[PDB]
file data.tsv (TSV, N, CA and C atoms and all ligand atoms)
chain	number	residue	atom	x	y	z
H	1	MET	N	-21.40	23.11	177.17
H	1	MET	CA	-21.80	24.41	176.58
H	1	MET	C	-23.31	24.37	176.32
H	2	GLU	N	-23.88	25.40	175.68
H	2	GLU	CA	-25.34	25.61	175.48
H	2	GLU	C	-25.66	25.48	173.98
H	3	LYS	N	-24.92	26.24	173.18
H	3	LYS	CA	-25.18	26.39	171.73
H	3	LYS	C	-24.82	25.07	171.03
H	4	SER	N	-25.35	24.88	169.82
H	4	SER	CA	-25.09	23.72	168.96
H	4	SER	C	-23.91	24.06	168.06
H	5	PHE	N	-22.74	23.45	168.29
H	5	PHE	CA	-21.58	23.75	167.43
H	5	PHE	C	-20.62	22.57	167.42
H	6	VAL	N	-19.81	22.56	166.37
H	6	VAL	CA	-18.69	21.62	166.23
H	6	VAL	C	-17.46	22.43	165.84
H	7	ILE	N	-16.33	21.89	166.24
H	7	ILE	CA	-15.01	22.45	165.88
H	7	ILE	C	-14.30	21.40	165.05
H	8	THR	N	-13.72	21.80	163.92
H	8	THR	CA	-12.93	20.88	163.07
H	8	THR	C	-11.46	21.29	163.03
H	9	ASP	N	-10.62	20.30	162.71
H	9	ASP	CA	-9.16	20.50	162.62
H	9	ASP	C	-8.75	20.36	161.16
H	10	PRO	N	-8.59	21.48	160.44
H	10	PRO	CA	-8.22	21.43	159.02
H	10	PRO	C	-6.77	20.99	158.79
H	11	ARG	N	-5.99	20.81	159.85
H	11	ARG	CA	-4.62	20.27	159.71
H	11	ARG	C	-4.62	18.73	159.69
H	12	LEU	N	-5.80	18.12	159.79
H	12	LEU	CA	-5.97	16.66	159.70
H	12	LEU	C	-6.81	16.36	158.46
H	13	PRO	N	-6.69	15.13	157.92
H	13	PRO	CA	-7.33	14.81	156.65
H	13	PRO	C	-8.84	15.07	156.65
H	14	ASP	N	-9.30	15.82	155.65
H	14	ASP	CA	-10.76	16.04	155.41
H	14	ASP	C	-11.45	16.67	156.63
H	15	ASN	N	-10.73	17.54	157.34
H	15	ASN	CA	-11.30	18.51	158.29
H	15	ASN	C	-12.27	17.83	159.26
H	16	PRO	N	-11.79	16.85	160.06
H	16	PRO	CA	-12.63	16.12	161.01
H	16	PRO	C	-13.08	16.98	162.19
H	17	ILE	N	-14.25	16.62	162.70
H	17	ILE	CA	-14.77	17.19	163.95
H	17	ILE	C	-13.93	16.70	165.13
H	18	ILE	N	-13.40	17.62	165.90
H	18	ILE	CA	-12.58	17.29	167.11
H	18	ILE	C	-13.32	17.65	168.40
H	19	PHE	N	-14.44	18.35	168.29
H	19	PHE	CA	-15.26	18.73	169.46
H	19	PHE	C	-16.69	18.92	168.97
H	20	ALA	N	-17.65	18.37	169.70
H	20	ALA	CA	-19.09	18.53	169.43
H	20	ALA	C	-19.76	18.91	170.74
H	21	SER	N	-20.51	20.01	170.73
H	21	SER	CA	-21.15	20.54	171.94
H	21	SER	C	-22.34	19.66	172.34
H	22	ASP	N	-22.71	19.76	173.61
H	22	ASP	CA	-23.90	19.04	174.13
H	22	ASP	C	-25.12	19.46	173.29
H	23	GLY	N	-25.24	20.74	172.96
H	23	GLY	CA	-26.38	21.19	172.15
H	23	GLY	C	-26.42	20.51	170.79
H	24	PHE	N	-25.27	20.33	170.16
H	24	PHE	CA	-25.18	19.63	168.87
H	24	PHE	C	-25.64	18.17	168.99
H	25	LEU	N	-25.24	17.49	170.06
H	25	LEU	CA	-25.70	16.10	170.32
H	25	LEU	C	-27.22	16.09	170.41
H	26	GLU	N	-27.78	17.05	171.15
H	26	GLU	CA	-29.24	17.04	171.38
H	26	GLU	C	-29.97	17.32	170.06
H	27	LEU	N	-29.50	18.30	169.30
H	27	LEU	CA	-30.15	18.71	168.02
H	27	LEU	C	-30.11	17.56	167.02
H	28	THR	N	-28.96	16.91	166.88
H	28	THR	CA	-28.72	15.93	165.79
H	28	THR	C	-29.09	14.51	166.20
H	29	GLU	N	-29.20	14.24	167.51
H	29	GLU	CA	-29.54	12.92	168.12
H	29	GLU	C	-28.35	11.96	168.07
H	30	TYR	N	-27.19	12.39	167.60
H	30	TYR	CA	-25.99	11.54	167.58
H	30	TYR	C	-25.27	11.64	168.93
H	31	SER	N	-24.59	10.58	169.32
H	31	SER	CA	-23.68	10.57	170.48
H	31	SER	C	-22.34	11.18	170.11
H	32	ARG	N	-21.61	11.62	171.11
H	32	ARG	CA	-20.25	12.16	170.87
H	32	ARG	C	-19.40	11.09	170.19
H	33	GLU	N	-19.54	9.82	170.57
H	33	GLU	CA	-18.74	8.70	169.99
H	33	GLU	C	-19.05	8.51	168.49
H	34	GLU	N	-20.24	8.88	168.02
H	34	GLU	CA	-20.65	8.75	166.60
H	34	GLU	C	-20.19	9.96	165.78
H	35	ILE	N	-19.67	10.99	166.41
H	35	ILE	CA	-19.44	12.29	165.72
H	35	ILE	C	-17.94	12.49	165.62
H	36	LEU	N	-17.20	12.28	166.72
H	36	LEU	CA	-15.78	12.66	166.72
H	36	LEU	C	-15.05	11.99	165.55
H	37	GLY	N	-14.24	12.76	164.84
H	37	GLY	CA	-13.43	12.27	163.72
H	37	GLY	C	-14.15	12.30	162.39
H	38	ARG	N	-15.43	12.65	162.33
H	38	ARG	CA	-16.02	12.66	160.97
H	38	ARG	C	-16.19	14.09	160.47
H	39	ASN	N	-16.35	14.18	159.15
H	39	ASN	CA	-16.59	15.47	158.48
H	39	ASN	C	-18.04	15.89	158.70
H	40	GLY	N	-18.26	17.20	158.84
H	40	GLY	CA	-19.59	17.82	159.02
H	40	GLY	C	-20.63	17.43	157.98
H	41	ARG	N	-20.21	16.97	156.81
H	41	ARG	CA	-21.16	16.66	155.71
H	41	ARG	C	-22.09	15.50	156.08
H	42	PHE	N	-21.80	14.74	157.15
H	42	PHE	CA	-22.62	13.56	157.48
H	42	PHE	C	-24.07	13.95	157.78
H	43	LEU	N	-24.34	15.22	158.11
H	43	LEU	CA	-25.74	15.63	158.40
H	43	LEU	C	-26.54	15.81	157.11
H	44	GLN	N	-25.89	15.86	155.96
H	44	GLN	CA	-26.61	16.09	154.68
H	44	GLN	C	-27.37	14.83	154.27
H	45	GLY	N	-28.29	15.02	153.34
H	45	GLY	CA	-29.06	13.89	152.78
H	45	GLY	C	-29.76	14.30	151.50
H	46	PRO	N	-30.75	13.51	151.07
H	46	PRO	CA	-31.32	13.66	149.74
H	46	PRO	C	-31.78	15.07	149.37
H	47	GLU	N	-32.40	15.80	150.29
H	47	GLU	CA	-32.99	17.12	149.95
H	47	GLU	C	-31.94	18.25	150.06
H	48	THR	N	-30.71	17.96	150.48
H	48	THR	CA	-29.69	19.02	150.65
H	48	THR	C	-29.33	19.63	149.29
H	49	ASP	N	-29.43	20.95	149.19
H	49	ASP	CA	-29.15	21.68	147.94
H	49	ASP	C	-27.64	21.65	147.66
H	50	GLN	N	-27.24	21.03	146.55
H	50	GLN	CA	-25.81	20.89	146.20
H	50	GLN	C	-25.19	22.24	145.87
H	51	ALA	N	-26.00	23.21	145.45
H	51	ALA	CA	-25.48	24.57	145.18
H	51	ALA	C	-25.01	25.15	146.52
H	52	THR	N	-25.73	24.86	147.60
H	52	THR	CA	-25.35	25.41	148.92
H	52	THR	C	-24.08	24.70	149.42
H	53	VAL	N	-24.00	23.41	149.18
H	53	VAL	CA	-22.81	22.59	149.54
H	53	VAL	C	-21.59	23.17	148.81
H	54	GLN	N	-21.71	23.51	147.52
H	54	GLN	CA	-20.59	24.14	146.76
H	54	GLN	C	-20.18	25.45	147.45
H	55	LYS	N	-21.14	26.30	147.86
H	55	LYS	CA	-20.80	27.57	148.53
H	55	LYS	C	-19.94	27.28	149.77
H	56	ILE	N	-20.31	26.26	150.53
H	56	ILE	CA	-19.52	25.89	151.73
H	56	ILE	C	-18.11	25.47	151.31
H	57	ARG	N	-18.00	24.57	150.34
H	57	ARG	CA	-16.70	24.06	149.86
H	57	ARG	C	-15.82	25.26	149.48
H	58	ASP	N	-16.36	26.24	148.75
H	58	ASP	CA	-15.56	27.42	148.34
H	58	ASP	C	-15.10	28.23	149.57
H	59	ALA	N	-15.98	28.42	150.55
H	59	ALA	CA	-15.65	29.22	151.75
H	59	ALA	C	-14.54	28.51	152.53
H	60	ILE	N	-14.59	27.18	152.62
H	60	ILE	CA	-13.53	26.48	153.40
H	60	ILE	C	-12.21	26.55	152.62
H	61	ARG	N	-12.24	26.35	151.31
H	61	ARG	CA	-11.04	26.48	150.45
H	61	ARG	C	-10.37	27.85	150.69
H	62	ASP	N	-11.18	28.90	150.65
H	62	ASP	CA	-10.73	30.31	150.69
H	62	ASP	C	-10.55	30.78	152.14
H	63	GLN	N	-10.89	29.92	153.11
H	63	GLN	CA	-10.79	30.23	154.55
H	63	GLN	C	-11.57	31.52	154.81
H	64	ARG	N	-12.82	31.59	154.33
H	64	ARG	CA	-13.71	32.76	154.56
H	64	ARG	C	-14.94	32.34	155.37
H	65	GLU	N	-15.41	33.25	156.21
H	65	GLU	CA	-16.63	32.99	157.00
H	65	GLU	C	-17.83	33.01	156.04
H	66	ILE	N	-18.79	32.17	156.34
H	66	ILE	CA	-20.03	32.09	155.53
H	66	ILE	C	-21.18	31.72	156.44
H	67	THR	N	-22.37	32.17	156.08
H	67	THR	CA	-23.60	31.58	156.66
H	67	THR	C	-24.47	31.08	155.51
H	68	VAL	N	-24.95	29.87	155.64
H	68	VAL	CA	-25.90	29.28	154.66
H	68	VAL	C	-27.06	28.66	155.42
H	69	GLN	N	-28.17	28.42	154.73
H	69	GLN	CA	-29.32	27.69	155.28
H	69	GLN	C	-29.51	26.46	154.41
H	70	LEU	N	-29.44	25.26	154.98
H	70	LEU	CA	-29.54	24.01	154.19
H	70	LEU	C	-30.23	22.93	154.98
H	71	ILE	N	-30.80	21.99	154.25
H	71	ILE	CA	-31.51	20.84	154.87
H	71	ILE	C	-30.47	19.86	155.42
H	72	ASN	N	-30.64	19.48	156.66
H	72	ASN	CA	-29.85	18.43	157.32
H	72	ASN	C	-30.81	17.45	157.98
H	73	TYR	N	-30.26	16.35	158.46
H	73	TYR	CA	-31.05	15.19	158.95
H	73	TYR	C	-30.52	14.76	160.31
H	74	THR	N	-31.43	14.48	161.24
H	74	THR	CA	-31.03	13.88	162.53
H	74	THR	C	-30.71	12.39	162.34
H	75	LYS	N	-30.19	11.76	163.37
H	75	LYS	CA	-29.85	10.32	163.31
H	75	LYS	C	-31.09	9.50	162.93
H	76	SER	N	-32.28	9.88	163.41
H	76	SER	CA	-33.53	9.13	163.16
H	76	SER	C	-34.18	9.56	161.84
H	77	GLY	N	-33.51	10.41	161.06
H	77	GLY	CA	-33.95	10.76	159.69
H	77	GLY	C	-34.86	11.98	159.64
H	78	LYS	N	-35.01	12.73	160.73
H	78	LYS	CA	-35.89	13.92	160.75
H	78	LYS	C	-35.16	15.05	160.01
H	79	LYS	N	-35.84	15.67	159.05
H	79	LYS	CA	-35.27	16.84	158.35
H	79	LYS	C	-35.37	18.06	159.26
H	80	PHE	N	-34.34	18.88	159.24
H	80	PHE	CA	-34.37	20.23	159.82
H	80	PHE	C	-33.62	21.18	158.91
H	81	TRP	N	-34.06	22.42	158.90
H	81	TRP	CA	-33.33	23.52	158.26
H	81	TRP	C	-32.24	23.94	159.25
H	82	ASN	N	-31.02	24.00	158.76
H	82	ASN	CA	-29.82	24.36	159.53
H	82	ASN	C	-29.33	25.68	158.98
H	83	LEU	N	-29.43	26.74	159.77
H	83	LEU	CA	-28.69	27.98	159.50
H	83	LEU	C	-27.32	27.81	160.12
H	84	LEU	N	-26.36	27.56	159.24
H	84	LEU	CA	-24.99	27.15	159.59
H	84	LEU	C	-24.04	28.32	159.39
H	85	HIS	N	-23.42	28.75	160.48
H	85	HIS	CA	-22.43	29.85	160.48
H	85	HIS	C	-21.05	29.24	160.65
H	86	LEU	N	-20.24	29.30	159.59
H	86	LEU	CA	-18.88	28.74	159.57
H	86	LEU	C	-17.89	29.89	159.71
H	87	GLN	N	-16.97	29.76	160.66
H	87	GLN	CA	-15.91	30.76	160.85
H	87	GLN	C	-14.56	30.07	160.93
H	88	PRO	N	-13.59	30.54	160.13
H	88	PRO	CA	-12.22	30.11	160.29
H	88	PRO	C	-11.70	30.73	161.58
H	89	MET	N	-10.84	30.00	162.27
H	89	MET	CA	-10.17	30.43	163.53
H	89	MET	C	-8.66	30.40	163.26
H	90	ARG	N	-7.97	31.53	163.36
H	90	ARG	CA	-6.52	31.59	163.11
H	90	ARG	C	-5.78	31.79	164.42
H	91	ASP	N	-4.57	31.27	164.49
H	91	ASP	CA	-3.77	31.41	165.73
H	91	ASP	C	-3.04	32.76	165.70
H	92	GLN	N	-2.23	33.02	166.72
H	92	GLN	CA	-1.47	34.28	166.89
H	92	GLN	C	-0.41	34.39	165.79
H	93	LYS	N	-0.07	33.28	165.13
H	93	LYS	CA	0.92	33.25	164.00
H	93	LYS	C	0.23	33.53	162.66
H	94	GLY	N	-1.09	33.78	162.64
H	94	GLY	CA	-1.87	34.06	161.41
H	94	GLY	C	-2.25	32.78	160.67
H	95	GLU	N	-2.03	31.62	161.29
H	95	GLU	CA	-2.18	30.33	160.60
H	95	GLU	C	-3.56	29.77	160.93
H	96	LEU	N	-4.27	29.25	159.92
H	96	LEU	CA	-5.55	28.57	160.19
H	96	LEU	C	-5.31	27.49	161.24
H	97	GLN	N	-6.17	27.44	162.26
H	97	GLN	CA	-6.05	26.42	163.32
H	97	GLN	C	-7.30	25.55	163.38
H	98	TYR	N	-8.48	26.16	163.28
H	98	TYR	CA	-9.75	25.43	163.41
H	98	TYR	C	-10.74	26.05	162.45
H	99	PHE	N	-11.83	25.34	162.21
H	99	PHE	CA	-13.11	25.96	161.84
H	99	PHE	C	-14.09	25.70	162.96
H	100	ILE	N	-14.97	26.67	163.21
H	100	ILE	CA	-16.15	26.41	164.07
H	100	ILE	C	-17.41	26.58	163.24
H	101	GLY	N	-18.34	25.66	163.43
H	101	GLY	CA	-19.68	25.73	162.81
H	101	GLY	C	-20.73	25.80	163.90
H	102	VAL	N	-21.50	26.88	163.90
H	102	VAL	CA	-22.60	27.10	164.86
H	102	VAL	C	-23.90	26.88	164.10
H	103	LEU	N	-24.77	26.04	164.67
H	103	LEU	CA	-26.03	25.64	164.00
H	103	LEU	C	-27.19	26.31	164.72
H	104	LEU	N	-28.11	26.87	163.94
H	104	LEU	CA	-29.43	27.27	164.46
H	104	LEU	C	-30.47	26.53	163.65
H	105	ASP	N	-31.36	25.84	164.33
H	105	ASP	CA	-32.44	25.00	163.74
H	105	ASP	C	-33.65	25.88	163.41
H	106	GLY	N	-34.06	25.94	162.15
H	106	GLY	CA	-35.30	26.63	161.77
H	106	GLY	C	-35.27	27.08	160.33
H	107	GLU	N	-36.45	27.18	159.73
H	107	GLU	CA	-36.59	27.70	158.35
H	107	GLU	C	-36.66	29.22	158.44
H	108	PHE	N	-35.53	29.85	158.78
H	108	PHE	CA	-35.47	31.30	159.06
H	108	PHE	C	-35.87	32.09	157.82
H	109	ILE	N	-35.23	31.78	156.70
H	109	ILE	CA	-35.60	32.33	155.37
H	109	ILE	C	-36.50	31.31	154.71
H	110	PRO	N	-37.73	31.68	154.29
H	110	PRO	CA	-38.62	30.73	153.63
H	110	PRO	C	-37.97	30.10	152.39
H	111	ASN	N	-38.13	28.79	152.25
H	111	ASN	CA	-37.57	28.03	151.11
H	111	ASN	C	-37.92	28.71	149.79
H	112	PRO	N	-39.16	29.24	149.55
H	112	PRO	CA	-39.43	29.88	148.26
H	112	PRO	C	-38.51	31.07	147.95
H	113	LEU	N	-37.97	31.76	148.97
H	113	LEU	CA	-37.05	32.91	148.77
H	113	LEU	C	-35.59	32.46	148.76
H	114	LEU	N	-35.30	31.37	149.45
H	114	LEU	CA	-33.95	30.79	149.52
H	114	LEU	C	-33.62	30.25	148.13
H	115	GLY	N	-34.62	29.62	147.49
H	115	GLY	CA	-34.54	28.96	146.17
H	115	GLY	C	-34.43	29.93	145.00
H	116	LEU	N	-34.78	31.21	145.16
H	116	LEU	CA	-34.67	32.21	144.07
H	116	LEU	C	-33.21	32.32	143.62
F	201	LIG	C1	-16.70	23.45	161.35
F	201	LIG	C2	-17.59	22.87	160.28
F	201	LIG	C3	-18.88	22.48	160.57
F	201	LIG	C4	-19.75	21.98	159.59
F	201	LIG	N1	-21.04	21.68	159.96
F	201	LIG	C5	-21.85	21.27	158.99
F	201	LIG	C6	-23.23	21.01	159.29
F	201	LIG	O1	-23.75	21.20	160.40
F	201	LIG	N2	-24.02	20.60	158.25
F	201	LIG	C7	-23.56	20.41	156.96
F	201	LIG	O2	-24.39	20.07	156.09
F	201	LIG	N3	-22.26	20.68	156.65
F	201	LIG	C8	-21.46	21.08	157.62
F	201	LIG	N4	-20.16	21.37	157.30
F	201	LIG	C9	-19.76	21.34	155.87
F	201	LIG	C10	-19.09	20.09	155.40
F	201	LIG	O3	-18.18	19.62	156.40
F	201	LIG	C11	-18.37	20.32	154.06
F	201	LIG	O4	-17.42	21.35	154.21
F	201	LIG	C12	-19.32	20.63	152.89
F	201	LIG	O5	-20.27	19.58	152.73
F	201	LIG	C13	-18.59	20.94	151.61
F	201	LIG	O6	-17.56	19.97	151.31
F	201	LIG	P1	-17.92	18.63	150.49
F	201	LIG	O7	-18.49	19.00	149.13
F	201	LIG	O8	-16.55	17.91	150.42
F	201	LIG	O9	-18.93	17.85	151.33
F	201	LIG	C14	-19.28	21.85	158.27
F	201	LIG	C15	-17.96	22.22	157.99
F	201	LIG	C16	-17.11	22.71	158.96
F	201	LIG	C17	-15.71	23.11	158.57
F	202	CL	CL	-14.72	20.45	155.18
F	203	CO	CO	-31.55	26.85	172.99
F	204	MG	MG	-21.20	15.50	149.02

call {"tool": "encode", "arguments": {"input": "data.tsv", "output": "structure tokens"}}
result
Amino acid sequence: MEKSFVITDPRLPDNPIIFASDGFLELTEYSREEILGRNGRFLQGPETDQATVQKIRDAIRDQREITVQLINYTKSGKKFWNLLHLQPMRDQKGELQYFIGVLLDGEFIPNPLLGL
């Protein structure tokens, strides 16, 4: 694929990544073998706003779509702003099946306005 995204399986413990796009490998510098089976939180680090992490936790609990902008880190420790779009995916039976997270790299909203 082209875009940077991961798919998780919420029917398995702690919502592991079951698919990572080529774009996600390139953006994050991790190999597919380093990503499969782990939770999306591994990209976080010291500067990640815990208030934003709570917003994500609530959206996944409530199975609601959300977009947030938060600091994430590549494998080599480079900070990037991640505009992260999380969408629940339901099957034809109305049952949660996946989450997809699409990442866009950039400080789209300036930190001084994000922090207000
Ligand atoms: C499909 C999906 C993709 C995610 N991608 C990211 C990501 O790129 N960066 C990130 O910081 N968190 C990401 N997360 C969020 C974490 O996995 C986690 O839900 C969040 O940190 C809140 O839960 P926690 O407080 O248990 O860590 C993703 C979550 C899901 C479901
Ligand atoms: Cl999660
Ligand atoms: Co591109
Ligand atoms: Mg945490």

call {"tool": "atom_distance", "arguments": {"input": "data.tsv", "atom1": "atom N of residue 8 in chain H", "atom2": "CA of residue 49 in chain H"}}
result
22.2 Å

call {"tool": "residues_near_ligand", "arguments": {"input": "data.tsv", "ligand": "ligand MG 204 (chain F)", "cutoff": "8 Å", "atoms": "all atoms listed in the file", "output": "list in words"}}
result
residues 41, 44, 50 and 53 of chain H

call {"tool": "closest_atom_pairs", "arguments": {"input": "data.tsv", "of": "range 56-105 of chain H", "to": "range 23-36 of chain H", "cutoff": "10 Å", "atoms": "only C-alpha atoms", "output": "CSV"}}
result
residue,atom,partner,partner_atom,distance
H:72,CA,H:28,CA,8.9
H:73,CA,H:28,CA,7.3
H:74,CA,H:28,CA,4.5
H:75,CA,H:29,CA,5.5
H:76,CA,H:29,CA,7.4
H:77,CA,H:28,CA,9.6
H:78,CA,H:28,CA,9.0
H:79,CA,H:28,CA,10.0
H:80,CA,H:28,CA,9.3
H:102,CA,H:24,CA,8.9
H:103,CA,H:24,CA,7.8
H:104,CA,H:27,CA,9.3
H:105,CA,H:27,CA,7.9

call {"tool": "closest_residue", "arguments": {"input": "data.tsv", "among": "H:65, H:48, H:98, H:6", "to": "residue 19 in chain H", "atoms": "all atoms listed in the file"}}
result
H:6

call {"tool": "closest_atom_pairs", "arguments": {"input": "data.tsv", "of": "chain H", "to": "ligand LIG 201 (chain F)", "cutoff": "7 Å", "atoms": "only C-alpha atoms and all ligand atoms", "output": "tab-separated table"}}
result
residue	atom	partner	partner_atom	distance
H:6	CA	F:LIG201	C1	5.6
H:7	CA	F:LIG201	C1	4.9
H:8	CA	F:LIG201	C1	4.9
H:15	CA	F:LIG201	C17	6.4
H:39	CA	F:LIG201	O3	4.9
H:40	CA	F:LIG201	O3	3.5
H:41	CA	F:LIG201	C10	4.0
H:42	CA	F:LIG201	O2	6.9
H:43	CA	F:LIG201	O2	5.2
H:44	CA	F:LIG201	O2	4.8
H:53	CA	F:LIG201	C13	5.0
H:54	CA	F:LIG201	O7	6.0
H:56	CA	F:LIG201	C13	5.0
H:57	CA	F:LIG201	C13	4.0
H:60	CA	F:LIG201	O4	6.5
H:70	CA	F:LIG201	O2	6.8
H:72	CA	F:LIG201	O2	5.8
H:82	CA	F:LIG201	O1	6.9
H:84	CA	F:LIG201	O1	6.1
H:86	CA	F:LIG201	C1	6.0
H:99	CA	F:LIG201	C1	4.4
H:100	CA	F:LIG201	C1	4.1
H:101	CA	F:LIG201	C1	4.0
H:103	CA	F:LIG201	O1	6.2

call {"tool": "write_last_selection", "arguments": {"input": "data.tsv", "atoms": "N, CA and C atoms", "output": "PDB file, in the coordinates of the input"}}
result
ATOM      1  N   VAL H   6     -19.810  22.560 166.370  1.00  0.00           N
ATOM      2  CA  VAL H   6     -18.690  21.620 166.230  1.00  0.00           C
ATOM      3  C   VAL H   6     -17.460  22.430 165.840  1.00  0.00           C
ATOM      4  N   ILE H   7     -16.330  21.890 166.240  1.00  0.00           N
ATOM      5  CA  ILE H   7     -15.010  22.450 165.880  1.00  0.00           C
ATOM      6  C   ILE H   7     -14.300  21.400 165.050  1.00  0.00           C
ATOM      7  N   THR H   8     -13.720  21.800 163.920  1.00  0.00           N
ATOM      8  CA  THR H   8     -12.930  20.880 163.070  1.00  0.00           C
ATOM      9  C   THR H   8     -11.460  21.290 163.030  1.00  0.00           C
ATOM     10  N   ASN H  15     -10.730  17.540 157.340  1.00  0.00           N
ATOM     11  CA  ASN H  15     -11.300  18.510 158.290  1.00  0.00           C
ATOM     12  C   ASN H  15     -12.270  17.830 159.260  1.00  0.00           C
ATOM     13  N   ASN H  39     -16.350  14.180 159.150  1.00  0.00           N
ATOM     14  CA  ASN H  39     -16.590  15.470 158.480  1.00  0.00           C
ATOM     15  C   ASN H  39     -18.040  15.890 158.700  1.00  0.00           C
ATOM     16  N   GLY H  40     -18.260  17.200 158.840  1.00  0.00           N
ATOM     17  CA  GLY H  40     -19.590  17.820 159.020  1.00  0.00           C
ATOM     18  C   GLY H  40     -20.630  17.430 157.980  1.00  0.00           C
ATOM     19  N   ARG H  41     -20.210  16.970 156.810  1.00  0.00           N
ATOM     20  CA  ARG H  41     -21.160  16.660 155.710  1.00  0.00           C
ATOM     21  C   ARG H  41     -22.090  15.500 156.080  1.00  0.00           C
ATOM     22  N   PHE H  42     -21.800  14.740 157.150  1.00  0.00           N
ATOM     23  CA  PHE H  42     -22.620  13.560 157.480  1.00  0.00           C
ATOM     24  C   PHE H  42     -24.070  13.950 157.780  1.00  0.00           C
ATOM     25  N   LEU H  43     -24.340  15.220 158.110  1.00  0.00           N
ATOM     26  CA  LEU H  43     -25.740  15.630 158.400  1.00  0.00           C
ATOM     27  C   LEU H  43     -26.540  15.810 157.110  1.00  0.00           C
ATOM     28  N   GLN H  44     -25.890  15.860 155.960  1.00  0.00           N
ATOM     29  CA  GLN H  44     -26.610  16.090 154.680  1.00  0.00           C
ATOM     30  C   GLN H  44     -27.370  14.830 154.270  1.00  0.00           C
ATOM     31  N   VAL H  53     -24.000  23.410 149.180  1.00  0.00           N
ATOM     32  CA  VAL H  53     -22.810  22.590 149.540  1.00  0.00           C
ATOM     33  C   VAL H  53     -21.590  23.170 148.810  1.00  0.00           C
ATOM     34  N   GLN H  54     -21.710  23.510 147.520  1.00  0.00           N
ATOM     35  CA  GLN H  54     -20.590  24.140 146.760  1.00  0.00           C
ATOM     36  C   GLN H  54     -20.180  25.450 147.450  1.00  0.00           C
ATOM     37  N   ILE H  56     -20.310  26.260 150.530  1.00  0.00           N
ATOM     38  CA  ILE H  56     -19.520  25.890 151.730  1.00  0.00           C
ATOM     39  C   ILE H  56     -18.110  25.470 151.310  1.00  0.00           C
ATOM     40  N   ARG H  57     -18.000  24.570 150.340  1.00  0.00           N
ATOM     41  CA  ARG H  57     -16.700  24.060 149.860  1.00  0.00           C
ATOM     42  C   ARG H  57     -15.820  25.260 149.480  1.00  0.00           C
ATOM     43  N   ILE H  60     -14.590  27.180 152.620  1.00  0.00           N
ATOM     44  CA  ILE H  60     -13.530  26.480 153.400  1.00  0.00           C
ATOM     45  C   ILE H  60     -12.210  26.550 152.620  1.00  0.00           C
ATOM     46  N   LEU H  70     -29.440  25.260 154.980  1.00  0.00           N
ATOM     47  CA  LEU H  70     -29.540  24.010 154.190  1.00  0.00           C
ATOM     48  C   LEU H  70     -30.230  22.930 154.980  1.00  0.00           C
ATOM     49  N   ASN H  72     -30.640  19.480 156.660  1.00  0.00           N
ATOM     50  CA  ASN H  72     -29.850  18.430 157.320  1.00  0.00           C
ATOM     51  C   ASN H  72     -30.810  17.450 157.980  1.00  0.00           C
ATOM     52  N   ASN H  82     -31.020  24.000 158.760  1.00  0.00           N
ATOM     53  CA  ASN H  82     -29.820  24.360 159.530  1.00  0.00           C
ATOM     54  C   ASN H  82     -29.330  25.680 158.980  1.00  0.00           C
ATOM     55  N   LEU H  84     -26.360  27.560 159.240  1.00  0.00           N
ATOM     56  CA  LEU H  84     -24.990  27.150 159.590  1.00  0.00           C
ATOM     57  C   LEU H  84     -24.040  28.320 159.390  1.00  0.00           C
ATOM     58  N   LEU H  86     -20.240  29.300 159.590  1.00  0.00           N
ATOM     59  CA  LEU H  86     -18.880  28.740 159.570  1.00  0.00           C
ATOM     60  C   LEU H  86     -17.890  29.890 159.710  1.00  0.00           C
ATOM     61  N   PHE H  99     -11.830  25.340 162.210  1.00  0.00           N
ATOM     62  CA  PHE H  99     -13.110  25.960 161.840  1.00  0.00           C
ATOM     63  C   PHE H  99     -14.090  25.700 162.960  1.00  0.00           C
ATOM     64  N   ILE H 100     -14.970  26.670 163.210  1.00  0.00           N
ATOM     65  CA  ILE H 100     -16.150  26.410 164.070  1.00  0.00           C
ATOM     66  C   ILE H 100     -17.410  26.580 163.240  1.00  0.00           C
ATOM     67  N   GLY H 101     -18.340  25.660 163.430  1.00  0.00           N
ATOM     68  CA  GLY H 101     -19.680  25.730 162.810  1.00  0.00           C
ATOM     69  C   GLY H 101     -20.730  25.800 163.900  1.00  0.00           C
ATOM     70  N   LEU H 103     -24.770  26.040 164.670  1.00  0.00           N
ATOM     71  CA  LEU H 103     -26.030  25.640 164.000  1.00  0.00           C
ATOM     72  C   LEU H 103     -27.190  26.310 164.720  1.00  0.00           C
TER      73      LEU H 103
END

call {"tool": "closest_atom_pairs", "arguments": {"input": "data.tsv", "of": "chain H", "to": "ligand CO 203 (chain F)", "cutoff": "8 Å", "atoms": "only N, CA and C atoms and all ligand atoms", "output": "CSV"}}
result
residue,atom,partner,partner_atom,distance
H:2,C,F:CO203,CO,6.1
H:3,CA,F:CO203,CO,6.5
H:4,N,F:CO203,CO,7.2
H:23,CA,F:CO203,CO,7.7

call {"tool": "atom_distance", "arguments": {"input": "data.tsv", "atom1": "atom N of residue 22 in chain H", "atom2": "atom C of residue 111 in chain H"}}
result
29.6 Å

call {"tool": "select_by_dssp", "arguments": {"input": "data.tsv", "residues": "range 2-92 of chain H", "states": "strand (DSSP E)", "output": "PyMOL selection string"}}
result
chain H and resi 4-8+17-20+66-73+79-90

call {"tool": "atom_distance", "arguments": {"input": "data.tsv", "atom1": "CA of residue 59 in chain H", "atom2": "CA of residue 87 in chain H"}}
result
9.2 Å

call {"tool": "residues_around", "arguments": {"input": "data.tsv", "residues": "residue 95 in chain H", "least_positions_apart": "6", "cutoff": "12 Å", "atoms": "only C-alpha atoms", "output": "list in words"}}
result
residues 10, 11, 63, 88 and 89 of chain H

call {"tool": "closest_residue", "arguments": {"input": "data.tsv", "among": "H:38, H:55, H:93, H:85", "to": "residue 67 in chain H", "atoms": "all atoms listed in the file"}}
result
H:85

call {"tool": "axis_aligned_box", "arguments": {"input": "data.tsv", "around": "range 79-93 of chain H", "padding_each_side": "4 Å", "output": "lines of an AutoDock Vina configuration file"}}
result
center_x = -17.5
center_y = 25.0
center_z = 162.6
size_x = 44.8
size_y = 26.7
size_z = 16.6
